[PDB]
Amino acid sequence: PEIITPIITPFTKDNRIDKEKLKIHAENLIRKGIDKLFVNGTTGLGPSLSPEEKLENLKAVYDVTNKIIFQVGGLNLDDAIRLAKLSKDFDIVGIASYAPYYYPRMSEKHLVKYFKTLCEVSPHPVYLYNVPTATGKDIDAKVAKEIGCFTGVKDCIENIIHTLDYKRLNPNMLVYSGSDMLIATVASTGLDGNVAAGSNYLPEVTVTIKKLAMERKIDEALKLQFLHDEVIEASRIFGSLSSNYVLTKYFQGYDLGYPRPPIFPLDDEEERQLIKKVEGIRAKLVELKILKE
């Protein structure tokens, strides 16, 4: 099983990708055992990025690692196909697209044709990014099988039955959960890993949760998993998407600039308050020799 970071995109004060902070972040993440980096995801504000900006992200992260899943999707199929084609000259794990989001009641036939279209032009494996909270509609194990060309799936449904059905109908598919809270469980139930936003700021915890469970130390796995759950809960208070920047600086030492409005940075009051709820958790994580002071 793997831990995959949907990598944050650091921005400058004038709203440009801070390529160097992104490179520092990716290097740290690989160093602490993250297997692969999911680029231009929700957590990286992928939807807020121009195609050119999606390309810089890949190019900047690619300076650090070839263990990239390159998310190219959007509401303009022509931009996504072109980004897919640009990836030919990169040694990467795959590209990815979500279903067209926002738009309700698109025909399944059009959904299937959309994805088969990406597969037809793609020079790399194609991963389904099934994010129904964001998109509204679901691409379940049956539609995935109907499309027939997915190498893997990121399932942001928390109902793990839904996720397992992908293995059941697509025994050859790689199947990841998008939940930081199911690292222990996913590993123990034979699934392929998690695409965990929280591995941005606690890669060590997420990798260790996975290793404990696979070492069949399920009880220790859960005790650490439940601590991780508490950090995840804290981050939602002010907007997980903003708070993820604060928690990376706090747990990992380097800052990631600003987010992209309308994802506003936490003001100084909010930053203080957030750390208060994780102070104890940091301490404990040092206490177990999982983090270095």
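Note that residue numbering follows the sequence shown and begins at 1.
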Response to the item:
The stretch whose C-alpha atoms carry the larger average B-factor in the entry, 96 to 104 or 187 to 195, is 96 to 104
Discussion item. Quick check on the record: does 275 to 283 or 21 to 29 carry the larger mean Cα temperature factor?
Written reply: 275 to 283
Discussion item. By the CA temperature factor listed in this entry, which of these ranks top: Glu230, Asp63, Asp35, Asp267?
Written reply: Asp267
Fill in: Candidate residues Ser179, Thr151, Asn130, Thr208, the one whose C-alpha B factor the record puts highest
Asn130
Item to complete: Compare the C-alpha B factor of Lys249 with those of the other modelled residues in its chain, then answer lowest, middle or highest third.
Response: middle
Worksheet entry | Third assignment of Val39 from its chain's C-alpha B-factors | lowest
Fill in: CA B-factor placement of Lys67, once the chain's modelled residues are sorted into thirds
middle
Discussion item. Which third, lowest, middle or highest, does the C-alpha temperature factor of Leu111 belong to within its own chain?
Written reply: highest
Discussion item. Looking at the temperature factor on the CA atom of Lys142, which third of the chain's modelled residues does it land in?
Written reply: middle
